[PDB]
Amino acid sequence: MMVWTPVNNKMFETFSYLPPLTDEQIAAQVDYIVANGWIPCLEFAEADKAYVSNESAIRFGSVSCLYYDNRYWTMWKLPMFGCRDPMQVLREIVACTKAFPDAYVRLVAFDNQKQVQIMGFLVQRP
Amino acid sequence: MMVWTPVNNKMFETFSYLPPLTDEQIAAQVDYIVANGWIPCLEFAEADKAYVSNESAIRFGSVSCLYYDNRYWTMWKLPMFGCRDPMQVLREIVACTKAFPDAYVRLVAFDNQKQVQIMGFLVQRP
Amino acid sequence: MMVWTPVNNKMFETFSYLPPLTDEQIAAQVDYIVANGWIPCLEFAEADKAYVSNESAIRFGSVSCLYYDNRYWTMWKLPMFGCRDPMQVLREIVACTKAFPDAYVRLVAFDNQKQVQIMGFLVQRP
Amino acid sequence: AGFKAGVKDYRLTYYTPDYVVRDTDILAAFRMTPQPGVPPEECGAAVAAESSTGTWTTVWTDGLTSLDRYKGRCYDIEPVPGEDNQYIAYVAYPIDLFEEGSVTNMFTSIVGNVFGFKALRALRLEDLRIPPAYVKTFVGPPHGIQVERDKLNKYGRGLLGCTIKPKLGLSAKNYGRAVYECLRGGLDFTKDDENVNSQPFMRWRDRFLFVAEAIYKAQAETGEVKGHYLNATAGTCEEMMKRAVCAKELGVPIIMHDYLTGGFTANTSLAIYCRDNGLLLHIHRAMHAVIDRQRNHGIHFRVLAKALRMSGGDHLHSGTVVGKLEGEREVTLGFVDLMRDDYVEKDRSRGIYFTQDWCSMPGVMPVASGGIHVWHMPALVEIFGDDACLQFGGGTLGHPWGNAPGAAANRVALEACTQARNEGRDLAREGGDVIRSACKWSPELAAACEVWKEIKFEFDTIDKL
Ligand SMILES: O=C(O)[C@@](O)(COP(=O)(O)O)[C@H](O)[C@H](O)COP(=O)(O)O
Ligand SMILES: [Mg+2]
């Protein structure tokens, strides 16, 4: 029996339980975005704003249900509407992480027909 | 596209989005106070009391609407009732900032007919 | 006009606005306890438990009115029932402050007919 | 004084041109266009009669009461210069005719039936004199301009807002995303579009929660108080109140209501709720131009603005003058004073037919919104001064770099104009120079300046004095 550690073992949603994505594996995910016509977007957060938290509920009555702080991160530029070139997405990952080398950075993609984010994973951890 | 940084980018209301006010620009604002017959006043706060916060809402029921801590700062002396000399105002800015060199300091002015603060901007950052 | 500083200026109720009590002045207050037949007692608190705070109101509904944490401090031994000797009160002050040299320490006295604390002042600051 | 059955002219009872108006009378100025063959005196008298105590034939029950005490009175008629069949008819209404605190009741008398009379071709209510004794029966605005600035801790410049776009079709989470990005760049406020209520693409409570997250995120990031006007406009008063309650329980600062499409009865209730619970109330004037656009018929916006001040609102849209929706300068300056000030003297050059004494009822913040961008900033600051909210929806969400840069561009433009004005610069003459200078400095502003440099809205005005 191996014990799953509770210490320093925070996760970042999809693909957090796999080995860290290689550059090739990230590029394959970008290809999947482009193949399905989805809208790439980058988002980032400083460490203090990267993890779900509850501090704004101090201002509430009994209405905290499915309210959390830090679900929203900061948009890098705009969603890449009309982008069908995986190399452009990869270049923006480089630019975002260059500008914010200490930030958490995630690559997401939007579907405008379901009007929902349809993929996402972390591409940089401080 | 340039990205507006979310990191270490806190603001202090009027004139925070312009270049730092030189002394001449500050003096010009003082002249506008005097030209309009408004009442100059200085206010200051230590860094821990300078930024809007929510900690007193722990004591509340569902009445936090438009309640924030740290809107009030500390008054420097009294409002300069009857002051029509810009150099007196400028001297008080120097005196306040010398007494509290690590404080945030703002110059405000009051209109007693509207009974409201009618101008204000930061003159000192720690 | 002199400006009353808001920074690092916390007070401790009765006699905080006077010059620090001399040993003669403390002795005179102990005499007043004994002359009036009141019950001397010492109380102490570590720095984190010395000032009024509000943390327990997180567990409350709308019932925080006149509830504060840290009004109670820790009793030194027991109230000195039957003490009519100022030497004994001054001895315990020394004893309490030697045992807890990093603590805030206050001397209080109780009136059992009103059933209320009838005097009190800080005798030690960390 | 015997009862005599049958029809007689309205002017025998209701045209009293030597009447001295009382200081408690409500006065109305009607722009009246009679049918051919109907004398102006009779037309004015019919308007007075059928908005007060009279009907088309003599009734015996008049004799049980005192028609002298209660009747509306056409007390003056003046021909309109430039018009051969238009008149201004002035009618005085005893204060006893009106239900205390009810804009609904006041409108029901004054504009209830008279606009449909066959004997007139057109009728426009231009102004109302609301006497202090009637003003004092209203709760009025929840807070008003001074209190709003004090609650927000915001002084020394116009407030800045922004309607989220597309008007409809965004999800709740995308709404909050857009809001966060707008607020964090320097806007004080964002808002639901007037028609964003609760719909299949976005249900209201979902939006309220995600907007709350965005408000608090932008406030923590910037250190400035933020708000987003969450729309309480609803199909029923119960749904309106549920939405106001949710805003209260989220601790957020401001809601909005569409006072004309929701209606005065619901608006007044909501204003009272906002007073009792500390919420700012933004009022959107949706539908007003159905009523107020044409010079010959309807109700001038200045009357709709007085009515809102009475029913209650902390903000009210005032037009822009220079944007996509109509609002002539002098007309607009006049009703802005009527919205904000305590005492406004008669001034027909600004369309103010009556001296208006508000007897300390709080002033309403004018909101300039619709088709404005950074190059309009000097004109807006010049027209409105500091006590206004200037809103840039397309002018923020249409910035080429996104909402935060769009917000920053507007905030820089406003602050640069405000600083220039304070330094002695004439924004009417030097406004373009002020903006051009700030464009060169701020990259975010420069991008807005370039995209909207040639965009103006200059058309013939319909609502002319
Ligand atoms: O729906 C609109 O068009 C707006 O959201 C403005 O959008 P933009 O900022 O994108 O123009 C406002 O509601 C109008 O200003 C209302 O008109 P008014 O203020 O005249 O009542
Ligand atoms: Mg709108």
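All of this is worked out from the model, or read from it or from the source named; none is laboratory data. Counting neighbours? That spans all protein chains shown, and the Cβs are built from the backbone with ideal geometry, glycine included.
Consider only pairs whose beta carbons are under 6 Å apart and that are at least six residues apart or on different chains; among these, list those whose first residue lies in segment D:186-203 and is touching a residue at least 12 places away in the same chain (Cβ under 8 Å) and within 14 Å of chain B (Cβ to nearest Cβ) and whose second residue is in a loop (DSSP other than H, G, I, E, B) and within 15 Å of ligand 2 (Cβ to nearest atom). If the second residue must be in a loop (DSSP other than H, G, I, E, B) and within 15 Å of ligand 2 (Cβ to nearest atom), the pairs left are D:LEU187/D:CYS162. Taken as a whole, the condition of being surrounded by fewer than 21 Cβ atoms within 10 Å (Cβ to Cβ) and either away from chain B (no Cβ under 14 Å) or among the polar types (S, T, N, Q) (or both) does not apply to D:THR163.
From the list D:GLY116, D:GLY112, D:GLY37, the lone residue that is over 31 Å from the mean Cα position of the chain (by Cα) and exposed (fewer than 15 other Cβ atoms within 10 Å of the Cβ) is D:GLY37.
Within segment D:241-255, the set of residues being among the β-branched types (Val, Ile, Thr), more than 16 Å from ligand 2 (Cβ to nearest atom) and either crowded, with 22+ Cβ neighbours inside 10 Å or under 20 Å from the mean Cα position of the chain (by Cα) (or both) comprises D:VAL252 only.
Residue under question is D:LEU128, and the condition is that it be touching a residue at least 60 places away in the same chain (Cβ under 8 Å), out of contact with any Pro (no Cβ under 9 Å at 6 or more places or on another chain), outside any loop (DSSP other than H, G, I, E, B) and within 16 Å of ligand 1 (Cβ to nearest atom); does it hold? Against the criterion (touching a residue at least 60 places away in the same chain (Cβ under 8 Å), out of contact with any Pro (no Cβ under 9 Å at 6 or more places or on another chain), outside any loop (DSSP other than H, G, I, E, B) and within 16 Å of ligand 1 (Cβ to nearest atom)), D:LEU128 does not qualify. Looking for something in contact with a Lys or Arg (Cβ under 9 Å, 6 or more places away or on another chain), outside any helix (DSSP H, G or I) and crowded, with 24+ Cβ neighbours inside 10 Å - is there at least one such residue anywhere in segment D:268-278? The answer is no; no qualifying residue exists. Give the residues of segment D:365-381 that are within 14 Å of chain B (Cβ to nearest Cβ), within 16 Å of ligand 1 (Cβ to nearest atom) and within 19 Å of the chain's Cα centre (by Cα), sorted by residue number. The one that is within 14 Å of chain B (Cβ to nearest Cβ), within 16 Å of ligand 1 (Cβ to nearest atom) and within 19 Å of the chain's Cα centre (by Cα): D:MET365.
Each row is one residue, and each column tells you yes or no for (1) within 14 Å of chain B (Cβ to nearest Cβ); (2) away from ligand 2 (no atom under 16 Å from the Cβ); (3) outside any helix (DSSP H, G or I).
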residue	(1), (2), (3)
D:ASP387	yes, yes, yes
D:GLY395	no, no, no
D:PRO405	yes, yes, no
D:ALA416	yes, yes, no
D:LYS440	yes, yes, no
D:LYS456	no, yes, yes
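Here C:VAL7, C:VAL52, C:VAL89, C:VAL34 are screened, and the one residue that is of a type in the set (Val, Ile, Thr), free of Cβ contacts under 8 Å to residues at least 60 places away in the same chain, within 30 Å of B:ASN54 (Cα to Cα) and surrounded by 10 or more Cβ atoms within 10 Å (Cβ to Cβ) is C:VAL7.
Tally the residues that are within 16 Å of ligand 1 (Cβ to nearest atom) and either of a type in the set (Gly, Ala, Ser) or surrounded by fewer than 21 Cβ atoms within 10 Å (Cβ to Cβ) (or both), restricting the search to segment D:190-226. Summing the residues that are within 16 Å of ligand 1 (Cβ to nearest atom) and either of a type in the set (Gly, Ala, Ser) or surrounded by fewer than 21 Cβ atoms within 10 Å (Cβ to Cβ) (or both) in segment D:190-226 gives 4. Scanning segment D:256-297 for residues that are within 16 Å of ligand 2 (Cβ to nearest atom) and either in the same structural domain as D:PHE30 (by CATH) or among the hydroxyl-bearing types (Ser, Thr, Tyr) (or both) gives D:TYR259, D:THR261. Exactly one residue out of B:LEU90, B:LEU78, B:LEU18 is away from chain A (no Cβ under 11 Å) and not in a loop (DSSP other than H, G, I, E, B): that is B:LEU90. In segment D:315-364, the residue that is nearest to ligand 1 (Cβ to nearest atom) out of those that are small (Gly, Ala, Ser), closer than 24 Å to D:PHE138 by Cβ and more than 13 Å from the chain's Cα centre (by Cα) is D:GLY351.
For segment D:204-226, the candidate set comprises residues that are more than 18 Å from A:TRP73 (Cα to Cα) and away from chain A (no Cβ under 13 Å); within that set, the residue that is nearest to the chain's Cα centre (by Cα) is D:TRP204. A single entry from A:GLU13, A:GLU24 fulfils the requirement of being assigned to a helix (DSSP H, G or I) and exposed (fewer than 14 other Cβ atoms within 10 Å of the Cβ): A:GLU24.
Scanning segment C:11-64 for residues that are closer than 13 Å to C:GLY120 by Cα and among the polar types (S, T, N, Q) yields C:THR14, C:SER16, C:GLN29.
For residues in segment D:146-160 being assigned to a helix (DSSP H, G or I) and crowded, with 20+ Cβ neighbours inside 10 Å, which is nearest to the chain's Cα centre (by Cα)? Even if it seems obvious, please write down each step before you answer.
As a first pass, look at segment D:146-160 and keep what is assigned to a helix (DSSP H, G or I): D:146-152.
Then keep just the ones that are crowded, with 20+ Cβ neighbours inside 10 Å; that gives D:148-149, D:151-152.
Details: D:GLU148: 17, D:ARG149: 19, D:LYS151: 22, D:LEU152: 22 Å.
Step by step, filter segment D:146-160, then rank; the result is D:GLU148.
Selection over segment D:227-251 of residues that are part of a helix (DSSP H, G or I) and either touching a helix residue (DSSP H, G or I) at 6+ places or on another chain (Cβ under 8 Å) or within 11 Å of another protein chain (Cβ to nearest Cβ) (or both) gives a count of 11. Candidates in segment B:52-73 are the residues that are within 7 Å of another protein chain (Cβ to nearest Cβ) and within 16 Å of D:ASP150 (Cα to Cα); of these, the one that is nearest to the chain's Cα centre (by Cα) is B:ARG71.
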